[PDB]
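Below you'll find the structure, written out as structure tokens, and then a few comments.
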Amino acid sequence: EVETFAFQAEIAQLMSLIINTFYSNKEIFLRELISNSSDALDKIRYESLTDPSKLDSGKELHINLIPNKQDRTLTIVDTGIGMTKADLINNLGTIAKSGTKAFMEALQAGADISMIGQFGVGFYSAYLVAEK
Amino acid sequence: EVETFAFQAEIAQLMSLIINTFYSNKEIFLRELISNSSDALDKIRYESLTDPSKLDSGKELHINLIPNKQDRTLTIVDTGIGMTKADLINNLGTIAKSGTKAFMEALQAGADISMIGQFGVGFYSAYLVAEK
Amino acid sequence: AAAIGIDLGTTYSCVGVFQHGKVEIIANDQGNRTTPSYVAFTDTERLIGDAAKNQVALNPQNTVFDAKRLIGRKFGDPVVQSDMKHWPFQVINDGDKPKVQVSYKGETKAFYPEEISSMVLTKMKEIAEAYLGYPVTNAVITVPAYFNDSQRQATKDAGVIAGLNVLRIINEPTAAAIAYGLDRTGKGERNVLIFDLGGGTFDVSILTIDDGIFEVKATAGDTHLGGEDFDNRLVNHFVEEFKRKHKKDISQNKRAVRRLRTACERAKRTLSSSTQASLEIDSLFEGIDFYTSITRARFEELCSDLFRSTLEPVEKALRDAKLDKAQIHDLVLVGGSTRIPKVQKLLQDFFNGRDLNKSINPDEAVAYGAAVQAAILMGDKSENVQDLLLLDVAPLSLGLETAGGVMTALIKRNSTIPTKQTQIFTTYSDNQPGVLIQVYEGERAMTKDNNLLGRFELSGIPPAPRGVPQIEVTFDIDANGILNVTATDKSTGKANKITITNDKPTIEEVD
Ligand SMILES: Nc1ncnc2c1ncn2[C@@H]1O[C@H](COP(=O)(O)OP(=O)(O)O)[C@@H](O)[C@H]1O
């Protein structure tokens, strides 16, 4: 069973802009995904300071990059805290509406796409090069 | 009496891209509004060549520009063919359902906002300076 | 409710809040601004601060303190090995990240030093909050200047565990320099020597400050020299005395020695303002009442080498900084142990009688600086500068009488102040030795119709044909409208001034 959800308008608009606006600095794709994995890795590391059991599922906190050209794919593995079903549905865990709205206003004011991570919505940049 | 129809998804998408893009050459606003007015005037001129009665509702073919600083609006009036209820509701009478998508592909490839009139959807450029 | 700064030491810590141009240093539950870096794990709760220090003798095996030596270090680090041999608690190689095992509520849990210091920071957080009447997360935590990056991150994390927003980790000597106002600007291009004589460590650091911008030139130190060994010399005085006087060997009773040591700490602090202090303990050892004393001179003899050795890292820091004594402009004290007259005398004599900056309690100066820095970091406004510029303006143009009896304005009406504006003038007539500048306020072209504010003479002008001498006249106005008009002859470097007080048709025809 697969549940289908709508994107909240601010991000539905953001993703459209990422795909259709002619941004040339496509390299922020990897930069943002690696950076976001780092944040997840710190979320565990901090919790493990008062509740060590968070590392019982795997002591190693790291980022892996694994390209597979034959499938036109790249896997980025974040061994950080991850997300529950609920967080995936709820904008992959972020405050999408406030961050994205402010970002779109920044873009209307002349901001570059490289600033997307400054609004906490950096992972939507995946669509700069991703089809899916 | 206000009837709601809502917009074709692809044109709604273009309007969002226009609105949220940092485009400085906003003079295309009036260029496209005038071009579209002109097209309406030529269509009626052609109708009158085989059916002159179409000029009995007014004969003169012209464009009237009236700024209204007190309303914060701009009025552009053309005396051309007009639009039927159906055209007005069917994405403003153009094949927006085709033209905006083709334009968006052009934008993905690096096309400018100023090329919007080349896709027959030039009037959506109104939202560069208009809110409504 | 402003951001705070916390001075996180090995033996003691202190918190302050910066507001209204000053840092308020905040007292704990008992009225002490500076409280111990101790957490006591008991089988009922963890005591923090004085509460933990007060029972070290009873529960030393479960009391953890001086977390900083272990923080950011690897278990196998020689420093870790050096300190674990001195602790009553167990240090554990849990993945080469030393943890301390103590019994808390009956369980021998291993507590990582960052959580030990977060426990301390949490207590300091609570102290400041109770005082300010507001929850506080915006903070600056200081560290020794020698801390490496694992240590700095570890400090930030202790703050995060405690619920703090660590705005920054700054160095202990930077904070002291800030506390003493050496960063207020106008004091640039100066060398500052900071003498950090604390509890368990001694450090020397030479800073260069350029109008608020800091650079550290050199550091030196003794990682084991501080108040604790002055206490140990005072302890040996009293311990050996006890044994000989009573024929009872008190040195083997860790609690009796610790009670004696606590008295040594009290007597030593008292002794620093006094000439004499005493030890008075009921039933100290084997039921024996131990009543005795320490004079200031005896204390200095017991510790005479501990005091002299503090200048050895001073000489080292000067060598590393490539500076002579004469190149140090500012002498700064940090650490409660510098309150001992001998320390002050040795540093002051070393630097030829020059006064030490003792204006802020040595144990508060670091917290003080951290609080000031925390307030600017939380949002960059600190009793300046934009409000002064937008609210206070020059109400009338400011200028000077020049030849012809006319006023030349340098500061224009409604210009924001503070500001400095200049123009170039020459002597009016040929071959004059100086000029007469009359300073005026007002909007009239003629000086006779303006407000004379004051007059001064600029001497030292080489005589030359009119228009040749190059005189820069400066109107320097502060935020409150006070005006300082100065002038100088650029060819000689000579200058003078006046202080002004505050008030506050054919084309339609044919031919
Ligand atoms: N008047 C005094 N005379 C002698 N020693 C003092 C005096 N006041 C405080 N001290 C000592 O100063 C030390 C405080 O050190 P501090 O610099 O706050 O901490 P840290 O060394 O942990 O950074 C304690 O060991 C204390 O006994």
So which residues in the stretch C:329-347 are closer than 17 Å to C:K316 by Cα and more than 17 Å from the chain's Cα centre (by Cα), if there are any at all?
C:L346, C:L347
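Looking at C:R255, is it away from chain A (no Cβ under 14 Å), part of a helix (DSSP H, G or I), away from the ligand (no atom under 16 Å from the Cβ) and more than 17 Å from C:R298 (Cβ to Cβ)? Explain how you work it out, then say what you get.
Details: away from chain A (no Cβ under 14 Å): yes; part of a helix (DSSP H, G or I): yes; away from the ligand (no atom under 16 Å from the Cβ): yes; more than 17 Å from C:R298 (Cβ to Cβ): yes.
Yes.
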Checking C:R444 against (1) more than 24 Å from C:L388 (Cβ to Cβ); (2) basic (K, R); (3) not in a loop (DSSP other than H, G, I, E, B), which test does it fail?
(3)
Inspect all residues belonging to the stretch B:49-63 and state whether any of them is surrounded by 11 or more Cβ atoms within 10 Å (Cβ to Cβ), in a helix (DSSP H, G or I) and under 14 Å from the mean Cα position of the chain (by Cα).
no
Taking the stretch A:98-113 and the residues there that are over 17 Å from A:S24 (Cα atoms) and touching a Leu at 6+ places or on another chain (Cβ under 9 Å), the one that is surrounded by the fewest Cβ atoms within 10 Å (Cβ to Cβ) would be A:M104
Checking C:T201 against (1) within 12 Å of the ligand (Cβ to nearest atom); (2) among the β-branched types (V, I, T); (3) over 17 Å from C:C14 (Cβ atoms): exactly one of these is not met. Which one?
(3)
Number of the condition not met by C:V334 [criteria: (1) crowded, with 17+ Cβ neighbours inside 10 Å; (2) more than 15 Å from the ligand (Cβ to nearest atom)]
(2)
Breaking point among (1) surrounded by fewer than 21 Cβ atoms within 10 Å (Cβ to Cβ); (2) within 16 Å of the ligand (Cβ to nearest atom), for C:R46
(2)
Kindly indicate whether any position in the stretch B:49-63 is under 25 Å from B:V121 (Cβ atoms) and among the β-branched types (V, I, T).
yes
Would you be able to tell me the number of residues in the stretch A:5-19 that are under 15 Å from the mean Cα position of the chain (by Cα) and in a helix (DSSP H, G or I)?
5
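Does A:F22 qualify as being within 14 Å of chain B (Cβ to nearest Cβ), surrounded by fewer than 16 Cβ atoms within 10 Å (Cβ to Cβ) and within 15 Å of the chain's Cα centre (by Cα)?
Working: within 14 Å of chain B (Cβ to nearest Cβ): yes; surrounded by fewer than 16 Cβ atoms within 10 Å (Cβ to Cβ): yes; within 15 Å of the chain's Cα centre (by Cα): no.
No.
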Which ones in the stretch C:204-229 are buried (at least 24 other Cβ atoms within 10 Å of the Cβ) and within 16 Å of the ligand (Cβ to nearest atom)?
C:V204, C:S205, C:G226, C:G227
In this structure, does C:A263 turn out to be part of a strand (DSSP E or B), within 16 Å of the ligand (Cβ to nearest atom) and under 30 Å from C:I194 (Cα atoms)?
no
With respect to the numbered conditions (1) away from the ligand (no atom under 16 Å from the Cβ); (2) assigned to a loop (DSSP other than H, G, I, E, B), which one is the sole condition not fulfilled by C:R244?
(2)
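Take A:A106 and decide whether it is away from chain B (no Cβ under 14 Å) and farther than 23 Å from A:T75 by Cα.
Spelling it out, it is not the case that A:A106 is away from chain B (no Cβ under 14 Å) and farther than 23 Å from A:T75 by Cα.
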Read through the list (1) more than 16 Å from the ligand (Cβ to nearest atom); (2) of a type in the set (F, W, Y); (3) under 20 Å from the mean Cα position of the chain (by Cα), then give the number of the only condition that C:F41 fails.
(3)
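From the list C:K345, C:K316, pick out the single residue that is within 16 Å of the ligand (Cβ to nearest atom) and surrounded by fewer than 17 Cβ atoms within 10 Å (Cβ to Cβ). Give the steps one after another, and end with the answer.
Details: C:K316 fails: within 16 Å of the ligand (Cβ to nearest atom).
Just a single option satisfies the conditions, and that option is C:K345.
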Could you identify the single residue in C:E107, C:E126 that is within 14 Å of chain A (Cβ to nearest Cβ), out of contact with any helix residue (DSSP H, G or I) (no Cβ under 8 Å at 6 or more places or on another chain) and acidic (D, E)?
C:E107
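Would you point out which residue out of B:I89, B:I116, B:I95, B:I76 is buried (at least 18 other Cβ atoms within 10 Å of the Cβ) and either more than 14 Å from chain A (Cβ to nearest Cβ) or within 23 Å of B:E27 (Cβ to Cβ) (or both)? Write out each step before concluding.
Details: B:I89 fails: buried (at least 18 other Cβ atoms within 10 Å of the Cβ); B:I95 fails: buried (at least 18 other Cβ atoms within 10 Å of the Cβ); B:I76 fails: buried (at least 18 other Cβ atoms within 10 Å of the Cβ).
Only one candidate passes the filter, namely B:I116.
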Return the total of residues in the stretch A:1-19 being of a type in the set (A, V, I, L, M, F, W, C), facing another protein chain (nearest Cβ under 9 Å) and buried (at least 17 other Cβ atoms within 10 Å of the Cβ).
3
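Just so you know, all these numbers are worked out from the coordinates, no wet-lab data involved. Note: ideal-geometry Cβ built from the backbone for every residue, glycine included; neighbour counts use all protein chains shown.
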